[PDB]
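Everything on this sheet refers to the single structure shown next.
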Amino acid sequence: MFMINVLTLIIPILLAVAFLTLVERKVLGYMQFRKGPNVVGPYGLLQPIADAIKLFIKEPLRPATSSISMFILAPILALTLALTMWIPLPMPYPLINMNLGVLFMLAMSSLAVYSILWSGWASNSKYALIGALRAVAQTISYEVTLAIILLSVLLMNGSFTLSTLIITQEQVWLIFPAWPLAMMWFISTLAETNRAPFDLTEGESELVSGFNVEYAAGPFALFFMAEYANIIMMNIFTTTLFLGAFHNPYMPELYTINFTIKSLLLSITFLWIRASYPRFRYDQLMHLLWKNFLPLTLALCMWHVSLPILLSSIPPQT
Amino acid sequence: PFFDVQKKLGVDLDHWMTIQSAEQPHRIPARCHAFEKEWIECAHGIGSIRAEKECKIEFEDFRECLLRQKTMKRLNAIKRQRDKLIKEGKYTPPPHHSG
Amino acid sequence: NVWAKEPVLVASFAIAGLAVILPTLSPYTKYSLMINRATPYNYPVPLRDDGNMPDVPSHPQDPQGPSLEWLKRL
Amino acid sequence: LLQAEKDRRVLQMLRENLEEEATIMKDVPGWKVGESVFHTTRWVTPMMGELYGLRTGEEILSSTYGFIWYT
Amino acid sequence: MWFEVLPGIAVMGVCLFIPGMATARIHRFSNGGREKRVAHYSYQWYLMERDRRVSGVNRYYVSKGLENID
Amino acid sequence: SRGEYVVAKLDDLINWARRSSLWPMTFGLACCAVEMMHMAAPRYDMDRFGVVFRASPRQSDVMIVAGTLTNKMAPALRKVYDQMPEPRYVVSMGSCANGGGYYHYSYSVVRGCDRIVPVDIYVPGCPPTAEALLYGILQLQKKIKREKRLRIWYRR
Amino acid sequence: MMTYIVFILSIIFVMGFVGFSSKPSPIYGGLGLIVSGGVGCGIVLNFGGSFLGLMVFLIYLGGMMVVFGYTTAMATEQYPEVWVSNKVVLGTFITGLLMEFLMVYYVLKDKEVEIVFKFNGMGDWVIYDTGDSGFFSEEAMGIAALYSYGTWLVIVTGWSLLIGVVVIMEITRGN
Amino acid sequence: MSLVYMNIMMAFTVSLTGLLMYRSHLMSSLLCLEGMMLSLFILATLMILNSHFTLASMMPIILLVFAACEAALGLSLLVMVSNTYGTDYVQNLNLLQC
Amino acid sequence: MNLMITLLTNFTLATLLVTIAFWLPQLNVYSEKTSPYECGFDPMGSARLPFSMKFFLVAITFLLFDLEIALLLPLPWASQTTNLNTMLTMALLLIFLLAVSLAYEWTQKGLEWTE
Amino acid sequence: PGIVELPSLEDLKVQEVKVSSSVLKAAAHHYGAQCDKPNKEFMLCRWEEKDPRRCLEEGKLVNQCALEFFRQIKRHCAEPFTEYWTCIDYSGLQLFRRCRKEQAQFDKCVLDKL
Ligand code: SF4
């Protein structure tokens, strides 16, 4: 039955990604004053099903300078790790109650970065090379500030376990003891998610989608589903991490309702941020990241060191 | 040279890092606490040569606390003899989990 | 003036400097000390019968010993 | 009380395993039957094989590896 | 307005309503109506281990209360 | 007749699936490209039909040759066209592309783009309207309704 | 059924890490290296260490990221080498894997392996914790001593890291 | 004896010989130095974990932060090497002769 | 090894996606699709061509501040000790030294070139 | 080298206090209250001698004290103590804060009647 629980985690991620592509296209259409998919049956749904089926038709092809092992083993690591992030997520009681999950979040997100990098390398067509190096750039920028802001926000109340984290999210939301740290965290995760050209330089119009400019049409489903799992993934991690829900004891469905509605409203907020801002810039990303975030983050870190040592508000980190 | 301005200035800024039986962050034992206590109390006011001569037994007792090499030698001998006689078929023992 | 050339830096130095200065003056520091000493993971060991020590009581209900009381007393 | 239950359990495992050894190894030469490995006589802490030897996989995996990656 | 997008949001929300709901329903099904006993530390692990010891089945979730007082 | 019946159902499935999305790429030489951009205008949406821009040549289904195909362009056109998966389709959009058109009697101008690639659908008009181009895409979807590929494969 | 799973993870670790050490192109070297780092994290996590392995996997990963950036930057061939591309790399990979499987044979089906020490060949459920009452997951406090007792040690650590920063800056500046 | 000790020493010796003999790249050399670091790390950590040597468990974290900053120093020097040449093989090292 | 069970199931999911990509749907007629695309022109040599980089300090800077992240991460478990003021002193010294390093290479224009 | 003398299953036949873990952990306050004076003799023996197979007479003593304690708590109020420990058993781990009203019921029961 444990296998049944694993299957009931890896089945709704498929449906989540496909119907979220529907959501992206139609919300973005009504965002940009036009109309979304409407002719295809009831409003869209069977056409995103047809998108998945159509992309499985496409019969992909290997390039010349395209070492087969690295080539077809890159997006496998992408999709598998974009899944296996979802193990310690505390949808009301998580799949595996690990004693720490957030450094695991860090490591598996970095694995998603490496899989993007290896696909952009072994595509071996110079545009995926430029895009892979831009991905290296936005990973140099955004795997430090995210880590130290994480250290700050669980410095206050965390003790590394998500069940104690939902206990700490009880009287007030943790948006209010750390609000500008939350602003910087949301911008950093929006960068790391590699959607939202507010902080995305991989899916360019200057290049053509620097991860997989010329990959193949077959594993585009793998890559596409992996990054939208990344979107839902970090937004659910947001909706656990900062704000939350007063769960009923011995009834989790109300927690699921409040948690899911807050998470998908923040996901619509994320897509609504993607809709309206221009693309951004390599050295400006370095400039903005370091010379705007990093001293203010360190100041928040030392101030959340000094706060529970001066208010006796230290956690019961057993 | 070997300098102990460490010892002279009255600050043990390094020597807490050193051995078990120093006080842990919570007062918890190591695995071989008592054996180090044995070996130091054999070899405290000793000049490291008759320590080699005469505290040799309790030092070997400490080394076999740390590694348990002879105990694993004994247990591996017992398991391999058990496996050869169960491959044999002479008096297959059931006394674990049963009579 | 000196403010908005790169003003997030001034904001960082300000909140960092008050983070340095602020543990000098507080009424809660020794509270933090006594809480963070008075909560053990480990076991309160017994000891030998006594030489009639006028401390260290015989029943845990006996109020001769140093207990924790200021928690429920704010 | 948990200390007492654990002590009765480890004495039970040690008694049963000494008896099983004295039955199964009585024919081989050498092999004193119940010698401590160490030179002195103190209560040596058992090594999770003197407790858990020849228990055929599932019991030893339950005892050792349960807390690590299970639950 | 947004009147023509809400079926997509509702269907995709049920696609995120399902996994925690089925998760907790399976965990309540998986121990005879009791919650899955977590185990953080070694102490609670040994407590759960004597629990699975003193049920006889070597399944801890029965937990045999007040019956073997005598 | 259960074999041909099930194969007929599955062929109808995949042909519906092929005519569902159909995202093109943007080749777009001259003012026919401006008409493509006005086919991306909100008064005539293509994303009612799942029809999305996609600038890579590696995942589009149809390809719109729209503009005045010259000799300096045409080998690059076919070297885009070939590295594209096996269902591939061509929309000849505009009088320049569908037979040469207004620059027909000149050097350095390919007289009709059948001299480089095959063409499924011609849509004349200089430029086409957004409405006429949309009509051409609907007729191409009806061609994808007229496939009977898997019936041919079974009855072979 | 299986019991040697820590030793088997060590075997996979040594296989990938020797194919790492046989020096192909650093792309494939990093692939085998991150495979080895992940399974070594699995080794130390399954052995009893809670966070330290996942931590060092993260750190070591970021190091390999920068190493990949510079091997894209500098060392490129007209066609880079793979394991099965050249004679010498293939020979070294086969011989290292041969020594690995030979050690597997002498551990499994034999008694004793005595190359540098008389290593006791049997399963690593011994030696191990005999169910001691932790209640605080020992290595957590074992790292938490670093800010309690660790006065001098982090002083010299941070001082040497500050010197590392200015050293990299001046060697790059010294043009 | 815990057989993982011998196996990590085997991986140590092979990564050491890989660091010593090497064909042309300085990059592979720095990379395998980083690997041998990781091997010594994991070995020392398993030692401390069997010992319950909980007091000075500063060894893993501090050992590896120092050895990784050594690797940072090496990457800086490799930057200078590839700056003063195109190729960074065993060739274009033969000046400053013994 | 429950995580290993789940990793095995996701790898089987990934392999069935590989096989349903390649083998099942249709055929694979070759002979030009294997060519590398840039924009319509066959480029010189190939890629894996020596490509210089802009940042020189920023990658090593990432490396050293990731190591200092690694030092800073046991701040939650440190926060419960009897020697509170010493913990606060050394922690403030760690972050103050870190910010001194950052602001040093920031005022010595280490980041004002090809970032 | 040296030999050991492990005592057999003769003296180690004391009836195990076979409550499970939840009710046992729930009743820990009052079990500290009524009993748990004479068991510190056993605990002092164990800490000052560090060799079990020596103190186990007081192991029988602590086991009989606990079993007589649960005898006296079964033979009287509370019968809603059944409801109290089955309240504490469901709440994941042993959160002493989620189950409060029945704690007040059981403690006021035992405070009145005993
Ligand atoms: S056919 Fe007409 S509208 Fe199209 S490219 Fe030619 S001149 Fe322009």
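To be explicit about the labels: the chains of the structure tokens are called A, B, and onward in the order shown, and within each one the residues are counted from 1, while ligands get numbers from 1 in the order they are shown.
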Got a sec to check which residues lie within 6 Å of ligand 1, using only C-alpha atoms and all ligand atoms, and send them as a short mmCIF file (atom, residue, chain, number, x, y, z; two decimals) with N, CA and C atoms, in the first residue's frame?
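Below is the file that was written, selection.cif:
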```cif
data_model
loop_
_atom_site.label_atom_id
_atom_site.label_comp_id
_atom_site.auth_asym_id
_atom_site.auth_seq_id
_atom_site.Cartn_x
_atom_site.Cartn_y
_atom_site.Cartn_z
N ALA F 30 9.29 38.98 -44.92
CA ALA F 30 8.89 40.36 -45.12
C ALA F 30 7.45 40.47 -44.64
N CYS F 31 6.76 41.54 -45.04
CA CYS F 31 5.41 41.94 -44.62
C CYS F 31 4.33 40.88 -44.39
N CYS F 32 4.43 39.73 -45.06
CA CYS F 32 3.70 38.56 -44.57
C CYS F 32 4.05 38.21 -43.12
N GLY F 67 7.00 35.21 -47.17
CA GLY F 67 7.89 36.27 -47.59
C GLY F 67 8.48 35.95 -48.94
N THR F 68 9.46 36.76 -49.33
CA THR F 68 10.03 36.66 -50.67
C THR F 68 11.30 35.84 -50.58
N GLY F 94 1.30 33.88 -48.96
CA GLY F 94 1.56 35.11 -49.65
C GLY F 94 1.96 34.95 -51.10
N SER F 95 1.69 36.01 -51.86
CA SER F 95 1.91 36.01 -53.30
C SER F 95 3.37 35.83 -53.66
N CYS F 96 4.29 36.33 -52.83
CA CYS F 96 5.71 36.11 -53.09
C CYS F 96 6.06 34.63 -53.01
N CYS F 126 -2.07 39.37 -50.96
CA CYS F 126 -0.82 40.10 -50.73
C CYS F 126 -1.11 41.35 -49.91
N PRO F 127 -1.06 41.26 -48.59
CA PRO F 127 -0.92 40.08 -47.75
C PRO F 127 -2.21 39.31 -47.69
#
```
Practice prompt. Could you tell me, as an NGL selection string, which residues of chain H DSSP assigns to helix (DSSP H, G or I) when given the backbone?
Written response: :H and (4-20 or 26-51 or 59-83)
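Taking only C-alpha atoms, the non-local environment of range 129-134 of chain F within 7 Å (same-chain residues fewer than 4 positions away omitted) comprises residues 35, 38, 39, 44, 123 and 138 of chain F.
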Write out as CSV the residues of chain G that have any atom within 7 Å of an atom of chain D, one row each with the nearest atom pair and its distance in Å to one decimal, counting only C-alpha atoms, sorted by chain and then rising number.
```
residue,atom,partner,partner_atom,distance
G:1,CA,D:57,CA,6.3
G:3,CA,D:57,CA,6.6
G:46,CA,D:68,CA,6.3
G:48,CA,D:68,CA,6.5
G:125,CA,D:64,CA,6.9
G:126,CA,D:48,CA,5.9
G:127,CA,D:47,CA,5.4
G:128,CA,D:48,CA,6.1
G:130,CA,D:48,CA,5.7
```
Item to complete: Determine, counting only C-alpha atoms, which protein, DNA and RNA residues have an atom within 12 Å of an atom of residue 38 in chain E; residues of the same chain fewer than 4 positions away are not included. Present the result as a ChimeraX atom specification.
Response: /A:93-99,163 /D:67,70-71 /E:27,34,42,44-45,47-49,60-61 /J:90-95
